[PDB]
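Only one structure is covered here, and it is reproduced in the block below.
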Amino acid sequence: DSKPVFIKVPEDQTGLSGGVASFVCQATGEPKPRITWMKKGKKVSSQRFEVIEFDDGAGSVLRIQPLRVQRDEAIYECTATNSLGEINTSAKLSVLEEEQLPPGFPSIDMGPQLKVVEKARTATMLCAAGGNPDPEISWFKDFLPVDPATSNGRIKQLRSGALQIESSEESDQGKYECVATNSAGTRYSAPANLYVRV
Ligand SMILES: O=S(=O)(O)OC[C@H]1O[C@](O)(COS(=O)(=O)O)[C@@H](OS(=O)(=O)O)[C@@H]1OS(=O)(=O)O
């Protein structure tokens with residue numbers, strides 16, 4: 001048995017009105033702990049917000065869309081509990097209007113497109129971004145983060161930003177979004193579907 005310990009924590013984030021923001025939190029322990037979200041010191045309702053679980057309840061994602069300045073700008077709190085102890089950690093969301101954007105805020109220069117692939121062949125989803133400084137890229141599939149380090153060689157992110165998927169199978173089907181981040185803020189691409197045929 002052991003007390004819970006964080007292996008992923010949410011960071012401060014600046015987004016754009018009409019857009020999307022996601023926060024991610026995850027912990028280990030024995031028995032497995034349970035994640036819960038709060039807004040301004042009160043528990044969030046799952047019949048009102050989009051909340052998506054993974055790792056048997058030991059990881060969770062809070063997604064907010066479309067962003068609105070008055071309602072959504074606030075302090076958000078993640079908490080993890082098992083029969084041996086409780087730990088917590090917080091982060092702040094800021095939301096900008098179009099005319100407040102600084103010149104180096106990130107942009108999508110070329111985004112991912114619809115793709116139909118035959119089983120057992122390779123599929124590639126492209127993404128090229130710009131800004132100042134140069135942004136870092138990450139990917140989401142059906143609202144959850146993609147982590148290549150667990151595909152045992154199948155799935156990889158290239159230095160250009162593209163996502164490459166070998167030996168395609170039925171579980172690879174779904175809706176993919178590219179995400180670009182730098183010291184000024186965050187921007188999402190439009191979503192694009194992958195289908196597996198024959
Ligand atoms: O910007 S707000 O924080 O006000 O957001 C809107 C909130 O207005 C409330 O009515 C409560 O008002 S309050 O000022 O006393 O927090 C909540 O609605 S309710 O049905 O769950 O009770 C909303 O909660 S919220 O949207 O999930 O954040």
Side-chain angles (χ1 to χ4, degrees), residues 3-29 31-108 111 131 135-147 174-193:
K3 288 165 165 301
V5 181
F6 284 123
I7 66 165
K8 297 177 185 189
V9 316
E11 305 285 354
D12 290 346
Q13 184 170 344
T14 297
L16 173 54
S17 75
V20 185
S22 301
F23 290 113
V24 188
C25 193
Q26 180 183 22
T28 54
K32 268 193 184 185
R34 210 95 81 191
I35 310 304
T36 294
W37 292 100
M38 305 177 83
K39 177 182 179 183
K40 298 180 174 180
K42 161 165 187 178
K43 181 175 175 179
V44 160
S45 170
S46 167
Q47 304 188 320
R48 187 176 216 265
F49 289 77
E50 194 73 45
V51 188
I52 320 99
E53 296 184 357
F54 65 96
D55 189 26
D56 288 318
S60 189
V61 176
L62 177 61
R63 182 187 173 98
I64 305 165
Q65 184 190 23
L67 291 175
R68 302 277 175 249
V69 177
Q70 201 64 55
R71 179 190 73 204
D72 300 318
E73 204 164 57
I75 297 180
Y76 297 83
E77 190 164 2
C78 166
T79 307
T81 298
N82 71 8
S83 55
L84 282 205
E86 180 259 304
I87 59 172
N88 62 67
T89 193
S90 295
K92 175 77 181 283
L93 180 68
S94 312
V95 186
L96 304 180
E97 300 181 20
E98 294 270 11
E99 64 276 349
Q100 291 178 289
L101 297 182
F105 201 87
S107 57
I108 304 300
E136 298 182 2
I137 308 283
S138 59
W139 293 83
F140 284 70
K141 170 195 193 288
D142 296 321
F143 302 169
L144 292 180
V146 174
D147 180 19
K175 163 178 42 175
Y176 291 76
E177 289 170 305
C178 164
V179 185
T181 304
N182 77 9
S183 77
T186 298
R187 197 200 288 265
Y188 279 60
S189 78
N193 296 272

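Ligands are counted one by one from 1 in listed order, and the atoms in each one are counted from 1 as well. The first residue in the sequence is number 1, and the count goes up from there. Excluded from the calculations below are hydrogen atoms, water molecules and symmetry mates; all remaining heavy atoms, backbone and side chain alike, are included.
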Over 12 non-hydrogen atoms of neighbours within 6.0 angstrom of [atom1] in [X]:
X    : atom1 : result
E136 : CD    : no
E99  : CD    : yes
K141 : NZ    : yes

task = Could you tell me if any non-hydrogen atom of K40 lies under 4.0 Å from any atom of ligand 1?
result =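 Yes; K40 lies near enough to ligand 1 that a heavy-atom distance drops under 4.0 Å.
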query = For atom 5 (O) of ligand 1, which protein heavy atom lies nearest, and how many Å away is it?
reply =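 Closest protein heavy atom to atom 5 (O) of ligand 1: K39 NZ, 3.7 Å.
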key: Residue and atom name of the nearest protein heavy atom (relative to atom 19 (S) of ligand 1), distance in Å to one decimal   =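 Result for atom 19 (S) of ligand 1: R48 NE, 4.9 Å.
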Passing option when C78 is tested against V9, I35, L62, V24 for side chain to side chain contact (heavy atoms under 4.5 Å, CB included) = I35
Among all the protein's heavy atoms, is there at least one whose distance to [atom] comes out below 4.0 Å?
atom                    : result
atom 16 (O) of ligand 1 : no
atom 1 (O) of ligand 1  : yes
atom 25 (S) of ligand 1 : yes
atom 13 (S) of ligand 1 : no

Pair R63 + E177, salt bridge at N-O below 4.0 Å =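 Salt bridge between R63 and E177, a charged N being under 4.0 Å from a carboxylate O: yes.
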request  = For the residue pair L16 and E98, establish whether any side-chain heavy-atom pair is separated by less than 4.5 Å.
outcome  = yes
request  = Quick one: sort the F23 and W37 rings into parallel, tilted or perpendicular, breaks at 30° and 60°.
outcome  =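 Because their plane-to-plane angle lies in the 30° to 60° range, the rings of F23 and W37 count as tilted.
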request  = Show which atoms of ligand 1 fall inside a sub-4.0 Å distance from at least one heavy-atom site of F49.
outcome  = 27 (O)
key: Where ligand 1 meets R71 - atom numbers and elements under 4.0 angstrom, heavy-atom basis   = 1 (O)
